[PDB]
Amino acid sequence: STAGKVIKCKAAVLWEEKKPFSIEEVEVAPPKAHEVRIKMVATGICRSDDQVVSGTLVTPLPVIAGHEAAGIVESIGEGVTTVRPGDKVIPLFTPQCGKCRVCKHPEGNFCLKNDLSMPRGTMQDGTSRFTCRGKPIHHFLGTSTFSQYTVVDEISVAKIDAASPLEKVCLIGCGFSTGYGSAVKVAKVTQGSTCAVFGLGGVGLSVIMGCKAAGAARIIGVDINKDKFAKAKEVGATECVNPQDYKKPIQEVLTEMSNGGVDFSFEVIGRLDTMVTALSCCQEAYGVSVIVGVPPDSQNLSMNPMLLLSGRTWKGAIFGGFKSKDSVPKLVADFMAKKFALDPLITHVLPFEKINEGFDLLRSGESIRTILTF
């Protein structure tokens, strides 16, 4: 019926920085070879989507943002083999081509087909499937989930269990997997360790979940918003600290609290100052610090390399280090088998048409994840 035809549908178009999204009709072209058109069912509001509006995460405008989502395949282009119409799918903002040197590496996940390092805001073929007011509109990270329909490359979609609750498992497309994999796969948090988690939003709470799963003895949440502390303790924080409470820099506080520095620290905010603070607070000889937060475009940090020479390890990761297309269906299977909880991350639910209210909730500090339903 709609196969092979342009679909006219509602999307949230961002015409310029620092403005509300515009909910209006777009034209969604049918999928080309090795492309998949998806009817969206639910999408989450991640701070990365806000960063696009703030201009601190740079991608070409105008754009259809959104990258944390789940839906149902509407149609497949020629040569698609890994999904079919009617399949439940999660779009992958980090693709998995399976062919590049990264995809073939045992540890690597940052596939060389990504649109994150040098964003074009297109499909793999360097064109757009979106028109609004007769003007072409950019894609975002090969996903663009703030639309009733989107088109993605095959390497940017995973088929998931037919019985999964899409209004929950959408968080596996970004914030849960990112935080959980940061702890269990990138840091490799050990049993009995002391962790510090900087930032207690959806992604930091998922890092806590991962530290708890790994058997950490102490999980210290760090946030300047003390309203975040109760939920951080519910999902495994053993104690919470607000830097604003202290006369001393928090790295010194966390060093004293952990009797010489923590085993593992995580920056889950996106500030240069807290990336350096998080490295400093891990133990100088054997500590590991993981950058998860996305820092402001084109800005450098300053740091003393003696922090590394003593023995620290500093690393970062996209999407929790997970190879996206292998990992997402397994993560959904694990959720279905009650291996981790998503409900603690979901604080608010809104129809897609109230997207701007959803972004107001995040910016106020009130929400963790708002899930938008189409």
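Sequential numbering from 1, following the sequence displayed.
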Item to check | 297 to 305 set against 282 to 290, stretch whose average Cα temperature factor tops the other in the entry | outcome: 297 to 305
Checklist outcome for this item: Higher of the two mean Cα B-factors (270 to 278, 72 to 80; per PDB record) comes from 72 to 80
Item to check | Most elevated Cα B-factor in the entry, residues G221, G179, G134, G173 | outcome: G134
Item to check | Highest recorded Cα temperature factor - choice among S54, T313, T43, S324 | outcome: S54
Item to check | For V63, the third of its chain into which the C-alpha B factor falls | outcome: middle
Checklist entry - Among the modelled residues of its chain, does the C-alpha B-factor of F229 lie in the lowest, middle or highest third? => result middle
Checklist outcome for this item: Among the modelled residues of its chain, the C-alpha B-factor of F110 falls in the third labelled lowest
Checklist entry - In terms of the chain's CA B-factor thirds, is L342 lowest, middle or highest? => result middle
Checklist entry - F130's Cα B-factor: lowest, middle or highest third of the chain? => result highest
